[PDB]
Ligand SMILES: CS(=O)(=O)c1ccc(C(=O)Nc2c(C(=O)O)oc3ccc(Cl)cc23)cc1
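What follows is a single chain, given as structure tokens, in the form deposited without the ligand.
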């Protein structure tokens, strides 16, 4: 019933997110985006941004369909896939989805956008009795996850201007506006 427990849970999930995904995809991400831009997206104001944008809703409410969370977020395409032999599974697949961000009926941005999948584990553990966690535990673990992940990425050699965390609290809220603000701060 302590924070040390809320800390250990988030610490492990943040490391898992780095070890099993970010350290493996971030190094070839900008090649994949550059490839996409050069070959399949010659739109001079429509280029896919060079960073993976990771949505960290602090209530850990993660829809599976991002486009449905905002009429102004439209699925556009997938990057070229990346495969790996992982833990005795041949060709485990790593894929990333490109979204268009609309504003005043116009395209305002294009980016690789996704929620941090591990927040779904923090939500489930808040909902399942066997896991033994309260909403207040979930909110603490979500904050500790984002902080651990930032500290990890700040020192990680695979993170070099290719990743951006978007943490926010969540009706009146536009997720596209939340991402557009971060995107527009890049260039």
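Residue numbers count along the first chain shown, from 1. Under this definition, the rigid core comprises the largest set of C-alpha atoms superposing within 1.5 Å between the forms.
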What stretch shows more C-alpha movement in 4 other deposited structures of this protein relative to this form, 159 to 167 or 175 to 183, after the core is superposed? 159 to 167
Just give me the stretch that moves more in 4 other deposited structures of this protein: 51 to 59 or 150 to 158, judged by RMS C-alpha distance after a core fit. 150 to 158
I want to check something about residue 84: across the other compared entries that model its neighbours, is it left unbuilt in at least a third? yes
Classify the number of deposited-sequence residues missing from the model between residue 170 and residue 171: none, 1 to 3, 4 to 9, or 10 or more. 4 to 9
If you average the Cα B factors in the entry, which is higher, 123 to 131 or 63 to 71? 63 to 71
Tell me which stretch, 156 to 164 or 114 to 122, has the higher mean Cα B-factor listed in the entry. 156 to 164
Modelled-residue ranking by C-alpha temperature factor, third containing residue 146: lowest
Going by the recorded CA B-factors, say which third of the chain residue 58 sits in, lowest, middle or highest. lowest
Just say lowest, middle or highest third for the CA B-factor of residue 79 relative to the other modelled residues in its chain. middle
Chain-relative C-alpha B factor for residue 52 (record values, thirds): the lowest
Of the three thirds of Cα B-factor ranks in this chain, residue 139 occupies the middle
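In what follows, reference is made to the form solved in complex with the ligand, a form of this protein that is not presented.
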Taking the pose of the ligand in the bound PDB entry and superimposing the surrounding C-alphas onto this chain, would you call the site open or blocked (blocked if 3 or more ligand atoms come within 2.4 Å of backbone or C-beta atoms)? blocked
The ligand in the bound PDB entry has a heavy atom of only one listed residue within 4.5 Å, and of 134, 50, 67, 35 that residue is 35
So in the bound PDB entry, does any heavy atom of residue 156 sit within 4.5 Å of the ligand? no
Taking heavy atoms and a 4.5 Å cut-off, does residue 39 contact the ligand in the bound PDB entry? yes
When the contact criterion is heavy atoms within 4.5 Å, does residue 43 count as touching the ligand in the bound PDB entry? yes
